[PDB]
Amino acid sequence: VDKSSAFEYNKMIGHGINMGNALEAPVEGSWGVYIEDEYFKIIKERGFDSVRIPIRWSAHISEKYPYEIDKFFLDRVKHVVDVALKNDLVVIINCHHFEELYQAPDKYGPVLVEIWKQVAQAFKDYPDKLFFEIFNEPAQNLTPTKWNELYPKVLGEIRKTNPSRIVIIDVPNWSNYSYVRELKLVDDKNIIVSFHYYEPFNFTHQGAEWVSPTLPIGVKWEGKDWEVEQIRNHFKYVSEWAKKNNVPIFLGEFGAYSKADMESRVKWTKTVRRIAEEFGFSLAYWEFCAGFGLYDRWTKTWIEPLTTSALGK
């Protein structure tokens, strides 16, 4: 009962949640979310295994080479990781919302490499329950090809100081399930591949004003046979690819915006969770609070049964 290490670490992700709209804002708090230490105790008590923390490193570095991360910001992230590990959560820290990387990856890929050299150096001695995640949702001009070229350079710098730490590699083109086949792997035994799931997009993003054109509301999701089979077909495609490529899969984000009717949200979330479990995917719901949120910060209570849909208990 030799077992693959990466697959075992992926199981440690288990059922997780994203602590979003916070450190990936230009300044934490400017989108209305600020991470309280108590949040991690709350998350763990509810029964989540892990937390995924979006971080806009690129908003907190020197303007010139080698792009030193601002001390105050690195200290903040270290504090937040410390508290989550203190509450016995597995923690995934990423880089997120690097707008210039999406537009000019030839110019800004090297900046990502330098960010990661620093973050890896800073976290090198942290327990193995901290995982790194090179970049959220490659897309736009960071095409599958450019990403396949870039992420191994970043991984190389990470591996200098963190030879075995789990590093999560995102599927390109916004991490949409269907682009899994465009991802080229490397010979590294401590990687996990991640995709994000928001289909039907006109359901999960109805009424979201940041989408162009804003999509009509009133779109239902009813748990009919055909609706469930659409999701199963999608996740089967990822599962067959992952088995062929000998790599574990983390469904790093999934969720339906609050402008969707609640019963639909509850049914969709539960179905996605069950189908991810059926294929052996770990998973993180998007997100703790804000527009897709499970936790009502005002009442200091979980929204139910939506939370149970995401977590399964």
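Throughout, we count residues from 1 along the sequence that is shown.
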property	result
Between 179 to 187 and 131 to 139 (mean CA B-factor, as deposited), the higher	179 to 187
Stretch with the higher entry mean CA B-factor, where the candidates are 117 to 125 and 219 to 227	219 to 227
202, 239, 94, 148, ranked by C-alpha B-factor: the highest one	202
Third of the chain's Cα B-factor distribution that residue 253 belongs to, per the entry	lowest
Third assignment of residue 173 from its chain's C-alpha B-factors	middle
Record-listed C-alpha B factor of residue 87: chain third	middle
Modelled-residue ranking by C-alpha temperature factor, third containing residue 293	middle
Residue 207 - Cα temperature factor, lowest/middle/highest third of chain	highest
